[PDB]
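Okay, so here's the structure we're looking at.
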Amino acid sequence: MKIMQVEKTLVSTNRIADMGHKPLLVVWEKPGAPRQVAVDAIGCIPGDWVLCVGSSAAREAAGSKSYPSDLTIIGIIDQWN
Amino acid sequence: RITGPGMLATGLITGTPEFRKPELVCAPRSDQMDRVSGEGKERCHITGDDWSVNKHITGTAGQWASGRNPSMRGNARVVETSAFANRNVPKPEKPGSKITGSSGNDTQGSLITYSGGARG
Amino acid sequence: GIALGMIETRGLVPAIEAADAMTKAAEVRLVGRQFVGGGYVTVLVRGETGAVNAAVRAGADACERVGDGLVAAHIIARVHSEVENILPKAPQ
Amino acid sequence: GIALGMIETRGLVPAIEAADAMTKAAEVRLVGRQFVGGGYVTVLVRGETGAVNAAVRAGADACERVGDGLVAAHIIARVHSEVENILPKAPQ
Amino acid sequence: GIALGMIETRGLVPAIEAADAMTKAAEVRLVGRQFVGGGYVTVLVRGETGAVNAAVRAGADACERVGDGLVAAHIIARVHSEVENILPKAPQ
Amino acid sequence: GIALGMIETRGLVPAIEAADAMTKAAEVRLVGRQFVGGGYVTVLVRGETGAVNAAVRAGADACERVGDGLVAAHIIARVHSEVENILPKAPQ
Amino acid sequence: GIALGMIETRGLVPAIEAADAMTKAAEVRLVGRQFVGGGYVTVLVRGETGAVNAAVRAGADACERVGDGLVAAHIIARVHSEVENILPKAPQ
Amino acid sequence: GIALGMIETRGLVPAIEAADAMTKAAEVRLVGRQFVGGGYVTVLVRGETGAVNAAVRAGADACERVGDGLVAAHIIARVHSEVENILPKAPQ
Amino acid sequence: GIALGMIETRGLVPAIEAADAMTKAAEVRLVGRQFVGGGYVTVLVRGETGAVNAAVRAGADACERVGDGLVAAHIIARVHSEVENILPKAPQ
Amino acid sequence: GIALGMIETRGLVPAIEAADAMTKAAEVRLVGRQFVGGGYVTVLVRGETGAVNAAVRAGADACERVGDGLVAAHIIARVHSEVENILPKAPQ
Amino acid sequence: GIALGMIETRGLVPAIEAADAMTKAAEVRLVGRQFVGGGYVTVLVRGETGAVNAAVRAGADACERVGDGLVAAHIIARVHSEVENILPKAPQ
Amino acid sequence: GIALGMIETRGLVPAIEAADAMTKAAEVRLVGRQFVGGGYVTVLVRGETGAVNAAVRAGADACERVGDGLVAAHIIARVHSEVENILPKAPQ
Amino acid sequence: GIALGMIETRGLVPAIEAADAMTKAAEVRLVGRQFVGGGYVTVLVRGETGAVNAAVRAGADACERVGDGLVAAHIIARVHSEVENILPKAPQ
Amino acid sequence: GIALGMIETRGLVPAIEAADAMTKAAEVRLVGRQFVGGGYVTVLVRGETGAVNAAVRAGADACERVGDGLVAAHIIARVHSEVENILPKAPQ
């Protein structure tokens with residue numbers, strides 16, 4: 001599992017229908033680092049230091065075994081530098 | 001015989017005088033709902049010099065509080081018009097979309113409606 | 001006139017239709033529209049006793065089946081001076 | 001007067017009929033008409049004990065048939081001093 | 001525009017949908033929305049008789065399947081002068 | 001004292017009856033009444049923890065049958081300083 | 001910011017959950033929280049049709065099983081100028 | 001402290017019990033109490049995620065048996081900036 | 001008054017008896033006697049709504065057993081302005 | 001204002017009731033009250049097609065039971081230019 | 001007030017309860033308590049005739065099921081001057 | 001020290017046993033012992049409502065099967081200020 | 001008159017029949033005829049919404065029995081400006 | 001924008017209804033109405049993905065029950081530069 005920071009919300013209107021209505025956020029390891037998109041299971045405000053899961057584990061955290069997710073936020077860090 | 005406004009409403013008008021040692025100290029939570037819910041609850045059996053009152057003791061709360069003031073209870077027609085009461089209202093056929101292409105056309109989610117009631 | 005005529009309905013659409021029928025029917029004046037709460041809306045009309053009887057009957061017959069429906073249609077020929085304190089004088 | 005008479009009804013039409021019936025029956029004073037919300041309207045009359053008993057009886061008899069009807073008709077011969085703070089003094 | 005068309009709904013989302021469908025369907029003016037209480041919301045439009053009928057029919061269809069639903073749809077081609085005192089002149 | 005007693009009723013008539021019973025049947029002081037909405041009308045009392053307990057039992061017995069009746073009855077012997085903000089200091 | 005998205009719910013807890021999900025899902029501004037009455041609480045958001053489409057969709061799943069539940073979830077891509085008069089401008 | 005803890009209940013008495021349990025159980029501050037309408041009463045607390053977790057769980061248990069009961073017990077770990085405009089800043 | 005009472009009869013003798021009976025019964029000013037043709041004669045009066053109800057009842061009784069008898073008795077509590085053009089003003 | 005609506009009745013009393021109800025319902029100008037002969041009275045009105053349909057419905061319902069009764073209720077949305085030479089334009 | 005209301009009971013405990021009930025119930029003043037002898041305790045009140053009737057009714061009901069019970073409940077609407085000698089004037 | 005708890009007994013030996021058990025069970029003064037006459041001895045205690053309830057309950061248990069026995073166990077959490085006169089201030 | 005009414009038919013003969021009946025039925029100005037292809041012919045008439053509704057209803061009935069038949073009948077009270085580019089502007 | 005929204009229908013009346021619904025339901029510009037032959041007509045709109053999603057969904061619903069019905073309703077969010085050659089630039 002990885003520790004990332006939410007920067008901004010990402011909107012993809014024509015996304016595949018298998019994604020449901022789960023919102024998407026743009027998370028990066030550190031400011032200026034590569035940006036990735038994570039399905040948001042536990043709601044995160046921008047700037048939150050979130051904890052994200054990857055691989056097949058992501059699909060379950062997205063609310064269904066068949067969900068098409070590679071990165072899924074599963075928790076918000078209470079206190080992170 | 002004589003038509004007019006006086007013939008319109010029949011029987012819908014009113015007020016017209018027109019002429020002519022149990023195993024557990026605290027009883028099961030399901031068993032009873034306390035009359036006084038918090039800090040007065042008697043579901044837990046507190047032995048000793050509690051403030052509980054037997055039948056021998058007569059006074060304060062009881063017949064003596066209830067019968068002080070005369071009261072008349074009428075059987076009103078009571079229908080609740082609230083959000084919860086409307087939770088089971090008859091609803092029309094749920095909207096369905098024949099849309100194709102990549103539009104995030106998800107029907108597993110909560111009913112999202114667009115202008116005119118179209119699902120989406 | 002001072003005779004009071006009241007029509008109570010479930011919702012505002014029945015109330016406005018009732019008020020239209022009452023004022024159209026007889027020489028009554030719309031003096032108030034009360035939101036009792038819980039979806040009860042009352043319309044009060046003042047006029048002479050003959051006029052109010054016609055006005056109220058028209059209002060009950062007009063809104064009987066409009067929308068949620070009609071709750072009550074009453075006529076008081078003379079209201080006690082005490083009750084005047086709780087009756088609206090003009091509608092807003 | 002010190003006695004309090006209250007008649008709660010479902011709607012404002014039965015309440016106005018109940019408030020007219022009270023003040024017409026005996027020497028009572030319509031001290032308040034409160035919209036409890038949820039579609040209940042309460043009318044409170046204040047007067048001497050004998051008058052309040054008569055007023056509330058007339059009110060109850062009058063509103064049992066008008067509109068949704070009568071929820072409660074109650075008399076308190078003398079109200080506690082603390083409770084007087086939660087009672088109206090003028091008809092609102 | 002002197003004719004009145006009213007749509008009553010259970011909730012505010014159907015009301016705004018009705019107001020949007022009603023106004024975009026025919027040449028009418030949304031003169032007001034009222035929170036009747038008890039979860040009823042009335043949206044009113046003033047226009048010509050032909051325009052109003054088209055609007056209300058568009059409004060009823062739009063808000064029928066949105067939210068808890070549609071309660072009442074009503075058209076008054078001629079509104080008495082008095083009734084206009086209990087109708088919003090312009091939207092809030 | 002510091003103990004807080006509450007009785008919740010549907011309508012105002014049972015609440016006034018409850019409030020009368022509480023203040024008459026123990027050394028409590030009626031701090032206020034709240035119109036919660038949808039019918040519910042709450043009456044709050046403050047007093048010693050023993051007196052308030054006898055006051056809320058008497059109140060429940062008194063209003064149990066008046067009008068629509070009683071919904072809830074409570075005592076909170078100590079009230080957190082945070083909750084003190086949302087409790088009416090005195091009947092307004 | 002001319003696309004309107006509304007979510008109606010029974011109670012306030014679902015409304016705040018829906019509002020939080022709607023505003024964390026896309027770049028939508030929360031312009032209103034209207035207590036319709038009878039329990040219904042509606043949250044209105046404004047933004048680009050794409051952002052509001054995603055916001056409302058995310059919010060609906062968030063509040064579907066929070067409290068009593070969800071009543072409506074409506075998106076209007078192009079709202080008539082007339083309807084803007086009844087829409088709120090700021091959340092307060 | 002940014003986490004939000006809201007509990008919705010049918011009546012004020014269950015809410016006041018929830019407010020007492022929530023603030024006594026953890027280090028949370030009561031920010032507001034709201035009368036949604038139709039009976040629901042929501043109490044909101046702001047604190048750290050851990051404290052709000054313990055408070056809401058403690059509150060939801062305390063008020064389950066009180067009066068009509070619990071409608072919703074919801075914890076938001078972090079509230080979006082937009083939603084802060086629709087939340088009370090300090091108790092009424 | 002502006003209420004209109006009309007009595008239609010077969011032949012003129014019943015009409016004259018009706019007009020005489022109506023004017024004597026209540027405060028109704030005779031306004032016209034129109035020969036409809038085919039045996040129909042109509043007598044129209046104006047007055048307060050209460051007076052017209054009494055006058056029309058008397059006129060209907062008076063002409064019921066005279067000659068070919070009565071055909072129509074009708075009361076209009078309020079007549080639109082446009083219809084004034086087709087009403088006699090004074091008998092000729 | 002071209003659409004023509006005609007109501008034919010047996011006698012003048014049902015015709016005047018039809019004219020009043022027809023004119024009250026919507027914006028239609030009363031153009032003629034023609035005594036056909038043999039007891040037939042015809043009231044013609046003119047206005048927009050939407051208003052005329054509403055007006056004639058009200059007249060047919062209002063005059064159906066008054067007197068001998070209603071004969072015909074007819075609407076022509078547009079009359080041929082030739083026919084207008086046989087249509088009254090002002091009532092006498 | 002000049003009306004006397006007496007309640008007699010078998011033993012002091014019912015009498016004290018009767019006295020409390022009477023004073024709390026209506027607007028009466030507790031003049032005194034008498035020890036007749038043989039186990040009879042008589043308690044007297046003074047007030048207007050309608051207040052004493054309400055008080056004595058409350059006192060009789062309250063003390064009927066306490067101890068040995070109620071012996072006598074009597075109301076004298078007016079007391080002759082001579083009788084005033086044998087009545088306690090102020091309680092011990 | 002406002003609550004009043006009275007125990008009445010047939011004789012003095014039960015009263016002493018009751019007065020002994022009452023004063024031992026809770027913090028309550030033995031304000032009075034009265035010889036009502038006819039073989040009735042009433043013992044009164046004054047204390048807190050919680051203390052008095054415990055005292056009277058204990059006293060009734062100890063004296064029920066002593067001598068002729070228990071006549072009445074009564075508790076009044078707050079006696080009317082008027083009744084305070086007819087009570088005994090001290091047992092001597 | 002800006003409302004748009006359209007009738008679609010299989011074969012030109014019903015289309016010509018529909019246009020004759022639509023124009024003659026009410027005051028709608030024929031605006032075009034379009035060979036859709038595959039046997040579908042559409043005729044579009046503009047005019048007032050009320051008149052356009054009457055015309056289309058008349059045209060549908062008259063053209064239904066003729067030829068292959070009626071496919072569609074439509075009215076749009078306010079056609080959006082973008083669609084006005086594709087509609088015929090006048091018959092050629 | 002560059003997104004494309006296409007509705008194909010059996011006839012022209014359904015296509016016009018869809019085009020009306022699309023353009024008034026979102027911010028999309030109608031770019032063509034192409035007769036494909038065999039009765040198929042295709043209305044094409046261009047705009048941003050969010051607006052096109054809303055429009056086509058509104059268009060698909062509006063024309064489903066109009067005439068022969070709806071054939072296809074497709075949304076291409078980004079269109080290849082190659083396809084732009086065949087897609088109509090502006091309506092004819």
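Labels for the structure tokens follow display order: chains A, B, ..., residues from 1 in each chain, ligands from 1.
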
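When the distance limit is 6 Å and only C-alpha atoms are what count, the residues near range 41-45 of chain I, minus those fewer than 6 positions from it on the same chain, are residues 4, 5, 6, 7, 8, 9, 12, 28, 29, 30, 31, 32, 33, 34 and 35 of chain I.
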
Please write the residues from the selection above to a file, keeping C-alpha atoms, as a PDB file, in the first residue's frame.
```pdb
ATOM      1  CA  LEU I   4     -79.498  37.674 -10.087  1.00  0.00           C
ATOM      2  CA  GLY I   5     -82.656  35.587  -9.711  1.00  0.00           C
ATOM      3  CA  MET I   6     -84.571  34.286 -12.717  1.00  0.00           C
ATOM      4  CA  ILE I   7     -87.894  32.456 -13.016  1.00  0.00           C
ATOM      5  CA  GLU I   8     -88.980  30.953 -16.342  1.00  0.00           C
ATOM      6  CA  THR I   9     -92.593  29.980 -16.964  1.00  0.00           C
ATOM      7  CA  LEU I  12     -97.237  35.227 -19.220  1.00  0.00           C
ATOM      8  CA  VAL I  28     -85.472  42.335  -5.049  1.00  0.00           C
ATOM      9  CA  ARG I  29     -85.913  45.011  -7.708  1.00  0.00           C
ATOM     10  CA  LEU I  30     -87.585  43.760 -10.874  1.00  0.00           C
ATOM     11  CA  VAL I  31     -85.245  44.369 -13.801  1.00  0.00           C
ATOM     12  CA  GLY I  32     -86.840  42.770 -16.868  1.00  0.00           C
ATOM     13  CA  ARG I  33     -89.442  40.513 -18.446  1.00  0.00           C
ATOM     14  CA  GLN I  34     -88.157  38.815 -21.607  1.00  0.00           C
ATOM     15  CA  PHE I  35     -90.354  36.966 -24.106  1.00  0.00           C
TER      16      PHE I  35
END
```

Test item: residues at most 6 Å from range 62-78 of chain L, only C-alpha atoms, excluding those fewer than 2 positions along its chain, as a PyMOL selection string: (chain B and resi 57-60) or (chain F and resi 25-27) or (chain K and resi 67) or (chain L and resi 3-10+14+17-18+49+59-60)

Let's have the selection written as a tab-separated table (two decimals), in the first residue's frame, with C-alpha atoms.
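Generated file (result.tsv):
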```tsv
chain	number	residue	atom	x	y	z
B	57	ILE	CA	-46.50	3.40	48.64
B	58	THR	CA	-49.30	5.53	47.08
B	59	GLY	CA	-48.47	9.11	45.90
B	60	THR	CA	-46.66	11.62	43.61
F	25	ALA	CA	-45.36	17.03	41.69
F	26	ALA	CA	-41.74	17.89	42.60
F	27	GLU	CA	-39.32	20.77	43.16
K	67	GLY	CA	-55.34	4.82	53.66
L	3	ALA	CA	-40.32	15.95	50.13
L	4	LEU	CA	-42.88	14.59	52.59
L	5	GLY	CA	-43.34	10.90	53.37
L	6	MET	CA	-46.12	9.86	55.74
L	7	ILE	CA	-46.80	6.45	57.27
L	8	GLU	CA	-50.06	5.89	59.16
L	9	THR	CA	-50.51	2.94	61.50
L	10	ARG	CA	-53.11	1.47	63.85
L	14	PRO	CA	-46.03	0.06	64.48
L	17	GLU	CA	-40.96	0.59	64.20
L	18	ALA	CA	-41.78	2.51	61.02
L	49	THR	CA	-37.12	13.07	47.18
L	59	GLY	CA	-40.70	1.96	56.84
L	60	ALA	CA	-43.76	0.36	55.26
```

Contact set, chain B to chain I: 9 Å, only C-alpha atoms, as an MDAnalysis selection string: chainID B and resid 1:6

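Atom to atom, CA of residue 91 in chain G and CA of residue 114 in chain B stand 22.9 Å apart.
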
Every residue of range 32-86 of chain B that DSSP places in strand (DSSP E), as an MDAnalysis selection string: chainID B and resid 57:58 71:73

With only C-alpha atoms counted and 6 Å as the cut-off, give the residues of chain A in contact with chain G, each with its shortest interatomic distance in Å and the pair that gives it, as JSON lines.
```
{"residue": "A:9", "atom": "CA", "partner": "G:26", "partner_atom": "CA", "distance": 5.5}
{"residue": "A:13", "atom": "CA", "partner": "G:50", "partner_atom": "CA", "distance": 5.9}
{"residue": "A:21", "atom": "CA", "partner": "G:58", "partner_atom": "CA", "distance": 5.0}
{"residue": "A:22", "atom": "CA", "partner": "G:58", "partner_atom": "CA", "distance": 5.6}
{"residue": "A:23", "atom": "CA", "partner": "G:25", "partner_atom": "CA", "distance": 4.9}
{"residue": "A:45", "atom": "CA", "partner": "G:24", "partner_atom": "CA", "distance": 5.9}
```

Those selected residues, please, written with C-alpha atoms and delivered as a CSV table (one decimal), in the first residue's frame.
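Okay, again_27.csv is ready:
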```csv
chain,number,residue,atom,x,y,z
A,9,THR,CA,-10.8,16.0,-8.5
A,13,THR,CA,-17.7,11.9,-18.3
A,21,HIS,CA,-20.6,6.4,-9.8
A,22,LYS,CA,-17.4,6.2,-7.7
A,23,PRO,CA,-15.6,9.6,-7.7
A,45,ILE,CA,-10.9,16.6,0.7
```

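Pairwise distance (CA of residue 80 in chain F, CA of residue 37 in chain F) equals 24.9 Å.
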
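Taking CA of residue 71 in chain A and CA of residue 54 in chain A as the two end points, the separation is 4.8 Å.
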
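Distance criterion 12 Å to chain H, applied with only C-alpha atoms, yields residues 36, 37, 38 and 39 of chain D on chain D.
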
Proximity of chain A to chain B: per-residue shortest pair, 9 Å limit, only C-alpha atoms, as JSON lines:
```
{"residue": "A:12", "atom": "CA", "partner": "B:104", "partner_atom": "CA", "distance": 8.9}
{"residue": "A:13", "atom": "CA", "partner": "B:103", "partner_atom": "CA", "distance": 6.5}
{"residue": "A:14", "atom": "CA", "partner": "B:103", "partner_atom": "CA", "distance": 4.4}
{"residue": "A:15", "atom": "CA", "partner": "B:104", "partner_atom": "CA", "distance": 5.1}
{"residue": "A:16", "atom": "CA", "partner": "B:104", "partner_atom": "CA", "distance": 5.2}
{"residue": "A:17", "atom": "CA", "partner": "B:104", "partner_atom": "CA", "distance": 4.1}
{"residue": "A:18", "atom": "CA", "partner": "B:106", "partner_atom": "CA", "distance": 6.8}
{"residue": "A:19", "atom": "CA", "partner": "B:104", "partner_atom": "CA", "distance": 7.4}
{"residue": "A:20", "atom": "CA", "partner": "B:106", "partner_atom": "CA", "distance": 5.6}
{"residue": "A:21", "atom": "CA", "partner": "B:109", "partner_atom": "CA", "distance": 6.6}
```

DSSP alpha helix (DSSP H) residues within chain B, listed as number ranges by chain: B: 63-66
